[PDB]
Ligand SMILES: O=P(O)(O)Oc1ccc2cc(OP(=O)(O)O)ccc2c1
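Quick setup: one chain, the form deposited without the named molecule, written in structure tokens, and binding and motion questions come after.
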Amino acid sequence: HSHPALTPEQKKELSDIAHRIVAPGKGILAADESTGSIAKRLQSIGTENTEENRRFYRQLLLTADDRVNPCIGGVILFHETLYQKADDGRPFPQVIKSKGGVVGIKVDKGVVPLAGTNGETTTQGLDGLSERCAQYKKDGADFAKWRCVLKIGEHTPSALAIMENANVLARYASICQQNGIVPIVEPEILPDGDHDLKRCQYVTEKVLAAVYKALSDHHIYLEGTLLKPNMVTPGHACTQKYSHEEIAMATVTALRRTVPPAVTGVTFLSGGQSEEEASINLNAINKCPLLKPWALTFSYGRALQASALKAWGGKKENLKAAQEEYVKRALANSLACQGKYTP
């Protein structure tokens, strides 16, 4: 029997949000970095990690020149950041919504080991997620992010890791759509190790097949979701070399064999790639001569903000300089998601 998880109105608002985020030329900035990660990078830049340095840096990103308006379609925020105000006095959610962004938030609590496997983990944080999503929805967040991690290895990813992570993703997405928030499904496959494209493509296809079977079992409405996979690339330790067109063909091919066309958009990870290489690979993807029935765009945490971070140095007078670097990357990646970018 069918007991519809969503009424037509709910479905309509979900699909509307999802189309706003990936609307042509637009992509997602990931500011979601937790105090641990942003602690690492603020230590890299040689500045102390304090609430004020974090807030100021995220002003540097969020307050950037209007030239980024037809670029950033959504901004993923960490919890704390939703409740911080810009020094002008506006809360960051209103700063973002004002210039046309959509607010996301990172709802997962991190990774937990799976016992009996080899270094494999699952993801955490389904408790109280519905009340949290209701609260974030009241606070202006229109989409959510959840990150599950899979590593290619000797005998890994195991069937248990794939099954379990797919199930948690689908359960997460169910809750989010019940509360009116577009889930972004992120089954990241770590580049670590030495493996050729063919194996990353094989594993990627298996993972995405399991993910969409799990989303079917949980009655997820696909027009109200986004997919956030990793580009198909060889491992860091792989000696063989691959042209960008081979990486593009492997990625698009892996997507066409799994992701059903109803999915609204596909927002790729940078995944430790070079800041410039990310936009080149994304461009090559959007130039692939196959039929891609969804929006292929970017969600870049590091690949957008690396140069801005290094150029800021933790000194406020560098502000303008820093932001300019950021703007550059944004524009570039915008061109990238349209296939019109050239270096």
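One-based numbering along the sequence shown.
Another form, the form solved in complex with the named molecule, is not on view; read the next lines as being about it.
**Student:** Would you mind picking the one in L269, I162, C133, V203 that has a heavy atom within 4.5 Å of the named molecule in the deposited bound form?
**Tutor:** It is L269 that has a heavy atom within 4.5 Å of the partner.
**Student:** With the named molecule left out of view, which of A30, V68, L60, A295 would have a heavy atom within 4.5 Å of it in the deposited bound form?
**Tutor:** Selected residue: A30.
**Student:** Does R147 reach the named molecule in the deposited bound form, with heavy atoms at most 4.5 Å apart?
**Tutor:** Because a heavy atom of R147 falls inside 4.5 Å of the named molecule in the deposited bound form, the answer is yes.
**Student:** Is it the case that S279, even though its partner is missing from this view, gets within 4.5 Å of the named molecule in the deposited bound form, heavy atoms only?
**Tutor:** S279 lies outside the contact set for the named molecule.
**Student:** Can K287 be called a contact residue for the named molecule in the deposited bound form at 4.5 Å between heavy atoms?
**Tutor:** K287: no, not in contact with the named molecule in the deposited bound form.
**Student:** Residue-level question: is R302 within 4.5 Å of the named molecule in the deposited bound form, judged on heavy atoms?
**Tutor:** Yes, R302 lies within 4.5 Å of the named molecule in the deposited bound form.
**Student:** Quick one: which of 46-54, 314-322, 287-295, 31-39 gets within 4.5 Å of the named molecule in the deposited bound form, going by heavy atoms?
**Tutor:** Careful reading of the contacts points to 31-39.
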